[PDB]
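> I have a structure here, written as structure tokens, and I will follow up with some questions on it.
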Protein chains: 2
Amino acid sequence: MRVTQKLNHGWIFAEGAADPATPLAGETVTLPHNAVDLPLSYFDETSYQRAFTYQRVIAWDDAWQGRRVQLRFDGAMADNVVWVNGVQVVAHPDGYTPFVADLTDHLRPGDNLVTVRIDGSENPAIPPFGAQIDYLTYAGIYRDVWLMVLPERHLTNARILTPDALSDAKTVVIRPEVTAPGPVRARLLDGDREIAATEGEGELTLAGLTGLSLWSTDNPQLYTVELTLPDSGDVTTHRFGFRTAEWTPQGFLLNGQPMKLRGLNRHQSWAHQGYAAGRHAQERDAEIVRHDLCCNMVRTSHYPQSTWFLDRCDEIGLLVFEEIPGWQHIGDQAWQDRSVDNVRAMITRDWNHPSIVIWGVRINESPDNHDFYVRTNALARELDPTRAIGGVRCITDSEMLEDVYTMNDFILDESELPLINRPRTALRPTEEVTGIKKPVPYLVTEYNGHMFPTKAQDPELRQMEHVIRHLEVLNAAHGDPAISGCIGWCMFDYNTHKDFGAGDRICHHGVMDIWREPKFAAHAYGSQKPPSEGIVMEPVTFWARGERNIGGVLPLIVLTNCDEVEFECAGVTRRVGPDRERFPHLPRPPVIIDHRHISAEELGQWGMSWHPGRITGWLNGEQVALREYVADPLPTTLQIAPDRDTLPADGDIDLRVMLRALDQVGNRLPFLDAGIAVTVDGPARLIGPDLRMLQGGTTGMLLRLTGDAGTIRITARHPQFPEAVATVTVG
Amino acid sequence: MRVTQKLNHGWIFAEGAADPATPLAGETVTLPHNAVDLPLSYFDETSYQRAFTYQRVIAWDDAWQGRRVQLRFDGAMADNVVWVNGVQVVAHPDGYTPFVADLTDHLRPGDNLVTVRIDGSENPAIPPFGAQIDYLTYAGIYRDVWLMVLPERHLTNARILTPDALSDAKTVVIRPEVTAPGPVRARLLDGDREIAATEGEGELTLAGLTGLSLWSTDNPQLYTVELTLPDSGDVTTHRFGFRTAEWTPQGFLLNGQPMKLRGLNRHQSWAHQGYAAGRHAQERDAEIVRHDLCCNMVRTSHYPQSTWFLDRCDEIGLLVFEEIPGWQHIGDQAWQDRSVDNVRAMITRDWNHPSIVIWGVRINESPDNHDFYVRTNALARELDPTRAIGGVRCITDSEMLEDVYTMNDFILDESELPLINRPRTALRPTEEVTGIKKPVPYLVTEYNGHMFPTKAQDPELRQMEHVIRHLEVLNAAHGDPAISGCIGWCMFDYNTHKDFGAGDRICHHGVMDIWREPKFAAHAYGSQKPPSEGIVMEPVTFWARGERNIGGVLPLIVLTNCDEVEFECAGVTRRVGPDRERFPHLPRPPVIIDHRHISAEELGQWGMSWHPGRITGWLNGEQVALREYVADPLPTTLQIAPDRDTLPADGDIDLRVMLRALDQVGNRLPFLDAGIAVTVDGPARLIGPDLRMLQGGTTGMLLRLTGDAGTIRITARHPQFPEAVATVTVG
Ligand SMILES: OC[C@H]1O[C@@H](O)[C@H](O)[C@@H](O)[C@H]1O
Ligand SMILES: OC[C@H]1O[C@@H](O)[C@H](O)[C@@H](O)[C@H]1O
Ligand SMILES: OC[C@H]1O[C@H](O)[C@H](O)[C@@H](O)[C@@H]1O
Ligand SMILES: [Cl-]
Ligand SMILES: [Cl-]
Ligand SMILES: [Cl-]
Ligand SMILES: [Cl-]
């Protein structure tokens with residue numbers, strides 16, 4: 001057979017450009033690596049825009065004679081090139097798509113010298129460069145690498161296909177790809193239970209499929225296709241799922257039934273480390289998206305992302321939008337050629353993930369460009385008749401070659417501007433935008449963001465308007481049948497170029513911060529889930545008397561699953577239901593507590609003094625939830641929150657750990673400006689500042705495991721707080 | 001020749017209450033002192049509500065026989081008592097006023113023990129306690145102590161009258177207060193020179209003095225009176241000035257010439273050390289109003305303050321408004337009694353400061369009290385006819401027993417409450433607020449604060465509004481002649497109780513931070529000075545792109561005293577002046593730059609990249625103020641600016657030292673969350689911790705000098721910043 005085999009241990013990293021054949025000397029690392037570890041805010045950002053060599057050593061194996069030996073690189077940013085005992089074996093410019101390097105014909109006995117060039121700089125013949133970008137690219141080898149040892153005659157990709165997916169007698173078709181002719185053979189699998197099999201050169205088929213269940217956002221049922229080549233014993237497997245995803249102007253319909261998309265954009269970027277984050281860490285994002293913020297769709301801003309991520313979206317029933325790399329700029333016809341190669345490299349790679357339902361074949365917010373775009377549109381339409389074609393824009397009146405008019409609607413809010421008559425309007429009617437009163441399939445890919453930046457620690461009062469603005473929009477969409485869904489700007493706070501942000505190198509556009517800890521808006525999104533799916537009730541305050549203008553906590557937003565919510569404090573008491581008279585169209589509108597339900601006279605015409613409080617949620621009058629606010633919060637618990645207490649002896653893993661400063665009854669302390677000093681022992685490295693600074697009463701950190709067994713042990717100290725510790729076992 | 005040694009040293013401090021006879025082991029400490037030293041935020045505030053003790057090692061002298069020995073306690077909080085070798089010479093409850101302890105009798109050869117039981121409990125019987133308060137009282141003998149060996153015949157007090165401040169030849173009337181009837185000699189003098197003398201039975205007059213100066217805000221001329229007793233040889237100095245404060249429905253009058261009053265409110269709360277800070281520091285605060293904020297007035301909120309401050313304001317041309325300790329609450333007979341007693345203690349102490357021009361005899365913002373106030377009112381006026389009187393309120397139609405109707409117009413912004421017609425108003429028409437058909441002296445004493453809170457870290461848009469509102473008030477006040485000027489709430493943010501603030505024990509109301517470092521809205525008071533003193537030009541922005549909703553920094557505020565202002569960026573260039581249309585009545589309306597000066601498309605030039613700017617300021621064609629912002633702020637200089645290079649070798653002095661995280665071209669990094677690891681060697685302790693947090697890009701500390709001489713090496717470091725070292729010499 002074959003032996004696909006990770007090989008991320010034992011790489012030599014060196015700042016610069018070294019003679020490729022002489023044993024390189026430099027620092028020793030395990031992949032994924034990120035060449036230039038950054039601060040959190042206020043940094044150079046070009047620091048990384050330079051040369052870097054990595055190297056690896058591989059001894060001949062008596063076991064490999066006349067078998068191929070290839071390095072699959074899952075990815076590396078950017079302008080890449082590969083050597084083998086000093087001979088160049090692949091140049092691959094794009095820093096998002098993978099590439100193979102064949103070693104065979106330059107391996108000699110004993111150890112051999114594989115060498116790798118990275119130039120991490122904004123090389124305008126490589127997309128997405130040659131102008132500004134509101135996101136950072138970093139550099140290094142930031143994805144996996146795999147030592148494959150393949151037979152001569154062997155198997156390089158397959159497309160699995162689903163004609164009449166909603167037949168009770170389902171159907172499966174496979175197009176293998178190979179290096180010579182010869183019988184190809186294959187096996188449908190559900191767990192270890194063999195469902196079917198066929199045999200043949202060309203398109204293998206299986207039909208009349210009694211007994212299988214459909215992939216969905218509820219039910220992510222996956223199935224597997226083993227492929228063998230009889231005449232060399234090569235074998236491979238591909239997962240896929242049975243599902244339909246139509247974009248008819250009347251709406252979007254999965255598997256027949258219609259479905260309004262809620263959703264958020266996601267970068268693959270972390271603090272300090274950039275894109276050097278592996279299977280686990282990635283697997284998280286997706287999980288948080290689907291569950292925490294309960295979206296039925298993600299979009300990959302503004303490139304292809306990790307296979308690991310896309311795997312995960314498959315496994316948890318989360319829809320996807322996947323876009324070629326770009327950010328509003330087009331270069332010359334050379335670059336257009338380059339750009340049209342990514343389309344190929346992108347779709348070919350991910351034409352089997354059932355999660356992906358649409359493709360992005362426009363550069364982000366670019367002008368029209370008939371002659372180019374014609375190409376990309378043509379190109380996927382052939383590479384994949386199955387998934388619908390789409391692109392992104394922010395002008396109205398565009399040259400829709402694409403199947404679905406996928407716009408960014410930043411109308412909220414321009415009442416604000418001094419020249420504007422348009423009364424504050426959340427989204428536009430579809431034909432203002434589309435330039436055709438002919439109905440067409442229509443989605444909104446981003447909104448808000450730079451329109452209303454909102455920092456972790458921004459005033460109680462601001463973070464209200466912030467949340468409300470996410471509601472106003474979600475409520476716009478769900479109302480209009482014309483609009484298939486929405487997708488807000490954005491999932492978390494990212495590092496950017498100097499050109500954007502608060503000039504701190506941060507766009508503060510998340511609903512969670514950069515650690516994936518949620519700011520108040522997270523429970524607009526997270527709160528549209530059903531109670532069956534989990535029970536949600538956050539009030540949107542810190543229960544501070546004179547934190548707001550004037551003071552008190554009214555009006556009060558409670559974000560929730562529940563019929564009703566109880567205000568209880570100072571002797572005063574009210575039940576209140578969700579505010580349809582302001583948010584008809586939301587699945588789970590939130591509760592507003594108002595003059596309507598209370599006056600300042602009931603609390604008692606500002607009878608000075610501040611009293612603790614108590615909120616409860618209700619579900620067919622069964623007291624489901626309860627959140628308490630002390631009137632005088634003192635530091636009590638210095639929380640230490642690893643996502644997991646247990647992990648395997650795995651080097652790849654990046655462990656996210658959160659930290660909170662909590663008052664008596666549990667709530668976070670939102671304004672303690674301070675730094676938590678921390679230690680970490682046993683088989684992780686911390687990544688970043690040993691001193692960690694709170695924002696919103698909170699921060700987090702990742703711990704790049706060393707791959708060896710042990711217990712990891714973690715202090716966190718601050719002279720207001722009893723001395724905190726936590727541990728997890730490794731192996 | 002009296003001996004008046006000054007003995008804040010050699011003291012002993014402990015928690016709880018010993019028998020006042022015997023030895024007491026507690027640490028060798030110095031005064032001013034705070035009993036239990038607090039965090040900057042989120043702490044107990046009941047921490048200091050226990051008994052403590054101060055005992056002293058005092059020696060007899062052969063030098064002292066037939067000569068009264070007396071410790072003078074200049075101020076201490078609270079419920080304070082004295083014992084000499086276990087016998088009790090004085091009770092005083094009230095922790096803002098001075099009180100005397102006569103040991104004389106209770107003395108023996110060798111070493112006599114002196115004790116002080118003090119307790120920081122909010123005793124309901126004791127003004128200022130009862131119920132709630134928006135400030136902390138702390139504990140500690142936070143002020144001075146003096147030892148005084150007196151002749152048995154002696155001068156306890158005197159009062160300096162000044163009829164005809166204005167006449168070309170000037171009287172000085174003197175009314176010494178002496179233990180025994182008998183002769184008293186009075187030499188007026190100019191710091192060095194004589195001017196006249198007089199001996200006297202009874203009342204001492206110095207009529208006819210030609211060629212002396214009026215004391216005014218413009219120029220502070222002081223003169224000292226010197227009192228001898230020939231009988232006992234007792235000697236004391238009293239200092240005063242030659243002024244006239246007329247208050248009239250027409251307006252406030254100083255030496256006849258009219259004056260729109262303009263000022264802010266003030267606490268002795270320091271961060272960490274509470275009330276306990278030394279002369280030098282007390283002075284610096286009087287200094288930072290008058291000189292930086294060009295403020296002609298200050299309100300000692302809410303109690304009497306250090307004579308070290310009150311001296312300072314006589315010295316530097318800063319009028320004063322002082323009042324009895326208190327906060328809305330009114331006690332039983334006992335406590336009201338304690339108050340008229342507190343009026344008495346206050347006037348008697350400060351009847352000779354020219355700076356002071358008005359007495360707050362009403363408990364701050366109480367509801368009216370016929371029986372109780374007619375008392376304080378009537379009382380004060382019998383103690384002091386020379387000056388006028390008001391008492392602070394927030395309620396209308398009020399029993400005006402006072403000379404001046406002192407009002408807290410927080411009208412702005414009340415319409416933000418939904419149950420409100422009234423369209424936005426900065427100040428109420430006097431007519432309505434008094435409910436007195438006749439016009440009467442009106443002064444606005446507080447405004448803003450809790451109406452619009454603003455952390456120093458808070459975002460541009462909020463900051464511009466802070467500023468806006470501050471300006472809006474000042475304008476109105478200058479605009480209406482029935483209003484005799486006004487006073488902003490407040491100078492700096494002050495530590496506080498659980499019923500008030502952001503939950504963190506701060507009320508974020510200062511136009512400066514708690515370290516007397518300016519927020520943007522400090523330059524609204526700063527830019528009212530005539531250029532001919534100094535030149536101020538301060539834009540309001542951080543010059544980051546995505547910081548404000550949408551982006552850019554238009555419209556822009558520049559706060560100035562200049563004919564013109566020239567804005568420059570990416571080849572757009574414009575002269576702009578005072579927006580006088582928006583603030584007709586102001587002295588230095590500021591420059592605003594908006595759509596009327598730079599159009600929509602004219603921004604089109606800029607493309608998508610972000611650009612350096614330069615704001616130049618002008619004065620009669622000459623170019624005065626330049627201000628450079630760049631677009632890619634990096635960590636450049638971590639600044640350490642002490643108040644002073646060179647100093648006295650002096651135990652009392654508390655040196656303020658500021659810190660600043662700075663970019664290339666001068667500017668601060670407003671959203672740079674990081675602690676600065678500090679260290680101090682040289683002859684002084686550091687008040688607060690090693691690690692100080694950059695709030696708003698800045699952060700402050702205070703070093704208490706030891707009394708030793710020499711070289712204070714202070715060090716800041718942080719890893720994004722070049723390590724920095726600053727010195728200050730001591731002698
Ligand atoms: O709201 C800010 C956003 O604007 C979008 O149009 C762009 O694609 C994003 O990366 C980000 O710049
Ligand atoms: O509500 C709290 C604040 O506002 C004023 O009404 C009061 O006089 C101030 O002392 C301050 O404490
Ligand atoms: O025990 C805590 C709670 O008890 C009481 O029910 C009070 O009404 C509530 O405000 C308080 O927080
Ligand atoms: Cl079959
Ligand atoms: Cl129409
Ligand atoms: Cl009486
Ligand atoms: Cl005087």
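Labels used: A, B, ... for chains in the order of the structure tokens, numbers from 1 for residues in each chain, and numbers from 1 for ligands as shown.
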What's the 9 Å shell around residue 701 in chain B, counting only C-alpha atoms, without same-chain residues fewer than 3 positions away, as a list in words?

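Surrounding residues, per the criterion: residues 271, 515, 655, 656, 657, 658, 659, 686, 687, 688 and 692 of chain B.
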
> Please, which residues of chain B lie no more than 7 Å from chain A when the count uses only C-alpha atoms, and can they be set out as a VMD selection string?

chain B and resid 41 to 43 450 to 453 458 498 to 504 544 to 547 549 to 550 609 to 610 631 to 634 671 673 to 675 693

> Output the neighbourhood of ligand 6 as an MDAnalysis selection string, that is, all protein and nucleic acid residues with some atom at most 9 Å from the ligand, counting only C-alpha atoms and all ligand atoms.

chainID B and resid 337 340 375

> Write the residues of the selection above to a file with C-alpha atoms, as a PDB file, in the first residue's frame.


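Heads up, here's the output in part_17.pdb:
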ATOM      1  CA  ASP B 337     -24.949  70.624  66.578  1.00  0.00           C
ATOM      2  CA  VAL B 340     -22.682  74.465  63.529  1.00  0.00           C
ATOM      3  CA  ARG B 375     -28.194  78.583  62.618  1.00  0.00           C
TER       4      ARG B 375
END

> Which protein, DNA or RNA residues have an atom within 8 Å of ligand 3, counting only C-alpha atoms and all ligand atoms, as a count of residues only?

11

> Taking only C-alpha atoms and all ligand atoms into account, report as number ranges by chain which residues have an atom no farther than 12 Å from an atom of ligand 5.

A: 429-433, 435-438

> The selected residues should be written to file as a PDB file, in the first residue's frame (atoms: N, CA and C atoms).


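Final output, saved to result_31.pdb:
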ATOM      1  N   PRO A 429     -33.399  47.279   0.122  1.00  0.00           N
ATOM      2  CA  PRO A 429     -34.205  46.340  -0.674  1.00  0.00           C
ATOM      3  C   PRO A 429     -33.331  45.710  -1.748  1.00  0.00           C
ATOM      4  N   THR A 430     -33.610  44.466  -2.109  1.00  0.00           N
ATOM      5  CA  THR A 430     -32.657  43.737  -2.968  1.00  0.00           C
ATOM      6  C   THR A 430     -32.405  44.424  -4.364  1.00  0.00           C
ATOM      7  N   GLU A 431     -33.432  45.013  -5.009  1.00  0.00           N
ATOM      8  CA  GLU A 431     -33.294  45.636  -6.374  1.00  0.00           C
ATOM      9  C   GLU A 431     -32.600  47.005  -6.418  1.00  0.00           C
ATOM     10  N   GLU A 432     -32.552  47.702  -5.283  1.00  0.00           N
ATOM     11  CA  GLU A 432     -31.725  48.929  -5.171  1.00  0.00           C
ATOM     12  C   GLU A 432     -30.291  48.569  -5.455  1.00  0.00           C
ATOM     13  N   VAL A 433     -29.942  47.422  -4.887  1.00  0.00           N
ATOM     14  CA  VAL A 433     -28.624  46.843  -4.915  1.00  0.00           C
ATOM     15  C   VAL A 433     -28.435  46.185  -6.277  1.00  0.00           C
ATOM     16  N   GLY A 435     -29.770  45.988  -9.146  1.00  0.00           N
ATOM     17  CA  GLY A 435     -29.979  46.568 -10.475  1.00  0.00           C
ATOM     18  C   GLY A 435     -30.879  45.723 -11.393  1.00  0.00           C
ATOM     19  N   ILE A 436     -31.694  44.854 -10.811  1.00  0.00           N
ATOM     20  CA  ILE A 436     -32.638  44.097 -11.603  1.00  0.00           C
ATOM     21  C   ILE A 436     -33.852  43.731 -10.729  1.00  0.00           C
ATOM     22  N   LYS A 437     -34.982  44.381 -11.041  1.00  0.00           N
ATOM     23  CA  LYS A 437     -36.291  44.001 -10.514  1.00  0.00           C
ATOM     24  C   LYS A 437     -36.680  42.534 -10.884  1.00  0.00           C
ATOM     25  N   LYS A 438     -36.024  41.937 -11.891  1.00  0.00           N
ATOM     26  CA  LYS A 438     -35.998  40.471 -11.983  1.00  0.00           C
ATOM     27  C   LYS A 438     -35.462  39.905 -10.659  1.00  0.00           C
TER      28      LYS A 438
END

> Looking only at the backbone, which of the residues in range 144-359 of chain A does DSSP tag as strand (DSSP E or B), as number ranges by chain?

A: 145-148, 155-161, 170-178, 185-190, 193-199, 204-209, 223-229, 234-240, 245-248, 251-254, 258, 261, 263-266, 270, 274, 297-300, 319-323, 356-359

> Using only C-alpha atoms and all ligand atoms, find each protein or nucleic acid residue lying at most 12 Å from ligand 4; present the set as an NGL selection string.

:A and (170-172 or 186-188 or 194-199 or 204-210)

> Produce a table with one row for each residue of chain B that has an atom at most 6 Å from any atom of ligand 7, each row naming the nearest atom pair and its distance in Å at one decimal; use only C-alpha atoms and all ligand atoms; arrange rows by chain and rising residue number; format as a tab-separated table.


residue	atom	partner	partner_atom_place_in_ligand_line	distance
B:240	CA	ligand 7	1 (Cl)	4.8
B:241	CA	ligand 7	1 (Cl)	4.7
B:352	CA	ligand 7	1 (Cl)	5.0
B:353	CA	ligand 7	1 (Cl)	5.4
B:354	CA	ligand 7	1 (Cl)	3.9

> With C-alpha atoms retained, write the just-selected residues as a JSON list (two decimals), in the first residue's frame.


[["chain", "number", "residue", "atom", "x", "y", "z"],
["B", 240, "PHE", "CA", -3.42, 88.17, 54.20],
["B", 241, "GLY", "CA", -4.04, 90.28, 51.08],
["B", 352, "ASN", "CA", -7.52, 85.71, 56.82],
["B", 353, "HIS", "CA", -7.02, 83.87, 53.36],
["B", 354, "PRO", "CA", -7.75, 86.39, 50.59]]

> Residues of range 299-513 of chain B classed as alpha helix (DSSP H) by DSSP on the backbone are to be reported as a ChimeraX atom specification.

/B:307-315,333-350,370-383,430-434,460-479

> Rounded to one decimal in Å, what is the spacing between CA of residue 597 in chain B and CA of residue 580 in chain B?

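Separating CA of residue 597 in chain B from CA of residue 580 in chain B is a distance of 14.7 Å.
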
> Find the residues near residue 318 in chain A: any atom within 6 Å, counting only C-alpha atoms, skip ones fewer than 2 places away on the same chain, and give them as a ChimeraX atom specification.

/A:217,296-297,313,316

> Could you jot down the CA of residue 20 in chain B to CA of residue 120 in chain B separation for me, Å, one decimal place?

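Computing it gives 18.3 Å between the two atoms.
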